[PDB]
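A quick write-up on the structure given underneath.
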Amino acid sequence: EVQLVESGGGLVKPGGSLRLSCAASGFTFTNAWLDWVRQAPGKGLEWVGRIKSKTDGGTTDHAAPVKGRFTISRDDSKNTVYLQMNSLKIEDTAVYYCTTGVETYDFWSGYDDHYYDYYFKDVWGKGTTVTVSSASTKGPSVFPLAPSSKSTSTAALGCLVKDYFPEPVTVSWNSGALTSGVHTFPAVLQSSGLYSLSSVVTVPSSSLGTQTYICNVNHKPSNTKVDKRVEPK
Amino acid sequence: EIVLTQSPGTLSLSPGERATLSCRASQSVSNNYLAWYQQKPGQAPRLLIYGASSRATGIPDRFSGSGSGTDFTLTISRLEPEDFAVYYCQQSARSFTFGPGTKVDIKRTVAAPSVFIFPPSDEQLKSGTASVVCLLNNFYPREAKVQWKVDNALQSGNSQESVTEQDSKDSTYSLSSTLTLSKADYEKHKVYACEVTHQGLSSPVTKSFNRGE
């Protein structure tokens, strides 16, 4: 089976460098091109560059925003394409994929090579994540968003998981026993370079004096684990 | 270099309906250079159509592509539940670029947001900062907006929001907005309000509190 696997991502300071690898299996690049495509958080797809097949001489082309900073190359002996990334910028933060097309020909028996059925399909890796940031590792504070029987619209409560770096944090409620009414929002990146995430639950207002709501927060990079019981004010 | 534009940004349809997605190219391109991709959350994109109208291997018959010149169309003859996703056109005629994407989401009846405001917690105030949170819950379609006022003055530049994916059962969205203040600024003012707009509201909604009451 044709497969691509990206590696070499990580967290890097502005101005820093990474080298990504795209290792092909089940085929070689003798007659196949290789594209790098990236996707910033919550954004669309952006082509980064291409290297042509070995038959076409392995010519490379790179997108204008990365020209001079990123360079595609290949080690033919490894069936691997590299993306050398220098002078990294915070807007280079993205998931980086490699991808190519796979052509196959089913030649007609009794005819010559001009007669065939043509098949075409793409292959993508799972991606590798590049994060470019000046921030240092910090665990979140977990602040309660307290409900009230006088603030109905049901009641709502939550936890604000504020000021952490890097991603991710996980949030559950009542150790996973509560998912009805739960919304855990995408993290936002604050102007400070720290992330913040909110998780909320809508609940009956008339049982706040007897039901327990605890948000379970885990930030593995800082070894932060915090359970916050959210009580009415 | 060629710019691909896509309309609409979000197409709202029911399972079983025909979907028609539009891609425009800033320069004319030959058909061999135009492709369409699908992408679902947490997954790489998947090629649907290449050469404007050819299906990639294993792509179902309900996907088809048409058009020429500067105007291309992806058609899904009858939407299946797995087809609610983002669709991108793509061209290789001059460099390699993608369109901005059209999201196809599940149509349901209009639902107004339920709105909740949360003052900064006493714990956060002790820690030295102040965040005010506004929750806009279970609305449809996606176009709810919120603005913040402090002592009746509209705020700008000091809020951030994010939005959930469409709910798998009730097909609604939720949105949370956070107003970030210094603790000194929070203690300097009294009335904190978020004003919410959405087509399902008979009138916009304000939720507010007075600090210290």
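FYI, nothing fancy with the structure tokens labels: chains A, B, ... in order, residues from 1 per chain, ligands from 1 as they appear.
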Write out as a count of residues only every residue belonging to chain B that has an atom at most 9 Å from any atom of chain A, counting only C-alpha atoms. 44
Per DSSP on the backbone, what are the strand (DSSP E or B) residues of segment 26-212 of chain B, as a PyMOL selection string? chain B and resi 26-29+34-39+46-50+54-55+63-76+86-91+97-98+102-106+111+114-118+129-140+145-150+153-154+159-163+173-182+191-197+205-210
Residues from last step as file, C-alpha atoms, as a JSON list (two decimals), in the first residue's frame:
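So again_8.json came out as:
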```
[["chain", "number", "residue", "atom", "x", "y", "z"],
["B", 26, "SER", "CA", -8.85, 34.95, -11.15],
["B", 27, "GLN", "CA", -7.38, 33.91, -14.52],
["B", 28, "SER", "CA", -8.79, 31.41, -16.97],
["B", 29, "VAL", "CA", -7.39, 27.91, -16.57],
["B", 34, "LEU", "CA", -8.61, 22.24, -11.64],
["B", 35, "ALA", "CA", -9.30, 19.91, -8.70],
["B", 36, "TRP", "CA", -11.66, 19.58, -5.73],
["B", 37, "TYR", "CA", -10.80, 18.32, -2.24],
["B", 38, "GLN", "CA", -12.91, 17.35, 0.79],
["B", 39, "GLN", "CA", -11.77, 17.74, 4.38],
["B", 46, "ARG", "CA", -9.07, 13.92, 0.24],
["B", 47, "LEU", "CA", -9.07, 14.44, -3.53],
["B", 48, "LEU", "CA", -12.55, 14.13, -5.06],
["B", 49, "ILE", "CA", -12.23, 15.44, -8.60],
["B", 50, "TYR", "CA", -9.22, 16.13, -10.80],
["B", 54, "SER", "CA", -12.74, 13.21, -13.41],
["B", 55, "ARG", "CA", -13.44, 11.27, -10.22],
["B", 63, "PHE", "CA", -19.67, 13.64, -6.65],
["B", 64, "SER", "CA", -19.19, 15.32, -10.02],
["B", 65, "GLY", "CA", -17.36, 18.34, -11.36],
["B", 66, "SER", "CA", -18.11, 20.67, -14.22],
["B", 67, "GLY", "CA", -17.26, 24.10, -15.58],
["B", 68, "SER", "CA", -14.46, 25.70, -17.57],
["B", 69, "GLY", "CA", -12.56, 28.95, -17.99],
["B", 70, "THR", "CA", -12.96, 30.85, -14.71],
["B", 71, "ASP", "CA", -16.09, 29.11, -13.38],
["B", 72, "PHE", "CA", -16.15, 25.60, -11.89],
["B", 73, "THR", "CA", -18.78, 23.65, -9.97],
["B", 74, "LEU", "CA", -18.70, 20.68, -7.63],
["B", 75, "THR", "CA", -22.06, 18.90, -7.48],
["B", 76, "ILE", "CA", -23.16, 16.37, -4.87],
["B", 86, "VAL", "CA", -15.39, 21.48, 3.96],
["B", 87, "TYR", "CA", -14.72, 21.52, 0.21],
["B", 88, "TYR", "CA", -11.73, 23.22, -1.41],
["B", 89, "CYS", "CA", -11.01, 23.84, -5.04],
["B", 90, "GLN", "CA", -7.39, 23.78, -6.16],
["B", 91, "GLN", "CA", -5.44, 24.77, -9.27],
["B", 97, "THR", "CA", -3.19, 27.34, -4.83],
["B", 98, "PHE", "CA", -6.36, 26.41, -2.95],
["B", 102, "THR", "CA", -16.94, 26.12, 1.45],
["B", 103, "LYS", "CA", -18.40, 24.42, 4.50],
["B", 104, "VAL", "CA", -21.55, 22.35, 3.99],
["B", 105, "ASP", "CA", -23.45, 22.18, 7.28],
["B", 106, "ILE", "CA", -26.74, 20.58, 8.29],
["B", 111, "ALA", "CA", -32.69, 28.61, 16.97],
["B", 114, "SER", "CA", -29.42, 31.36, 25.09],
["B", 115, "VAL", "CA", -27.03, 33.88, 26.66],
["B", 116, "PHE", "CA", -25.17, 33.74, 29.99],
["B", 117, "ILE", "CA", -22.65, 36.19, 31.48],
["B", 118, "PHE", "CA", -20.02, 35.22, 34.08],
["B", 129, "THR", "CA", -6.26, 39.37, 36.59],
["B", 130, "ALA", "CA", -9.88, 39.63, 35.42],
["B", 131, "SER", "CA", -11.80, 37.80, 32.68],
["B", 132, "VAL", "CA", -15.50, 38.22, 31.90],
["B", 133, "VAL", "CA", -17.14, 35.41, 29.92],
["B", 134, "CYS", "CA", -20.27, 35.44, 27.74],
["B", 135, "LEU", "CA", -21.79, 32.15, 26.57],
["B", 136, "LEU", "CA", -24.06, 32.00, 23.48],
["B", 137, "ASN", "CA", -25.59, 28.54, 23.62],
["B", 138, "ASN", "CA", -27.26, 26.22, 21.11],
["B", 139, "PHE", "CA", -28.04, 28.52, 18.19],
["B", 140, "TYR", "CA", -28.50, 28.03, 14.44],
["B", 145, "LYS", "CA", -22.20, 37.87, 17.19],
["B", 146, "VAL", "CA", -21.34, 39.43, 20.52],
["B", 147, "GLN", "CA", -19.94, 42.78, 21.63],
["B", 148, "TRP", "CA", -18.83, 43.92, 25.06],
["B", 149, "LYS", "CA", -19.65, 47.13, 26.92],
["B", 150, "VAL", "CA", -18.01, 48.46, 30.08],
["B", 153, "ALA", "CA", -18.59, 51.97, 26.31],
["B", 154, "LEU", "CA", -18.13, 49.49, 23.47],
["B", 159, "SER", "CA", -11.95, 40.06, 23.53],
["B", 160, "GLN", "CA", -11.56, 36.64, 21.93],
["B", 161, "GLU", "CA", -14.15, 34.06, 20.98],
["B", 162, "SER", "CA", -14.36, 30.55, 19.64],
["B", 163, "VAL", "CA", -17.16, 28.31, 18.39],
["B", 173, "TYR", "CA", -23.57, 25.82, 17.51],
["B", 174, "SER", "CA", -22.28, 27.40, 20.70],
["B", 175, "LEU", "CA", -19.90, 30.31, 21.14],
["B", 176, "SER", "CA", -17.97, 31.68, 24.10],
["B", 177, "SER", "CA", -16.40, 35.14, 24.29],
["B", 178, "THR", "CA", -13.89, 36.30, 26.89],
["B", 179, "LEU", "CA", -13.22, 39.94, 27.78],
["B", 180, "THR", "CA", -9.70, 40.30, 29.22],
["B", 181, "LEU", "CA", -9.19, 43.22, 31.62],
["B", 182, "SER", "CA", -6.51, 44.17, 34.05],
["B", 191, "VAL", "CA", -21.51, 47.77, 34.60],
["B", 192, "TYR", "CA", -20.38, 44.80, 32.48],
["B", 193, "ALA", "CA", -22.55, 43.75, 29.54],
["B", 194, "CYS", "CA", -22.48, 41.56, 26.47],
["B", 195, "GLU", "CA", -24.84, 42.37, 23.60],
["B", 196, "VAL", "CA", -25.79, 39.42, 21.37],
["B", 197, "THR", "CA", -27.20, 39.51, 17.82],
["B", 205, "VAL", "CA", -30.10, 40.30, 23.93],
["B", 206, "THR", "CA", -28.09, 42.08, 26.61],
["B", 207, "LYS", "CA", -26.82, 40.19, 29.64],
["B", 208, "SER", "CA", -25.17, 42.32, 32.29],
["B", 209, "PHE", "CA", -24.05, 42.54, 35.90],
["B", 210, "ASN", "CA", -22.88, 45.28, 38.25]]
```
Which distance in Å separates atom CA of residue 86 of chain A and atom CA of residue 13 of chain A, to one decimal?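 Going from atom CA of residue 86 of chain A over to atom CA of residue 13 of chain A covers 10.8 Å.
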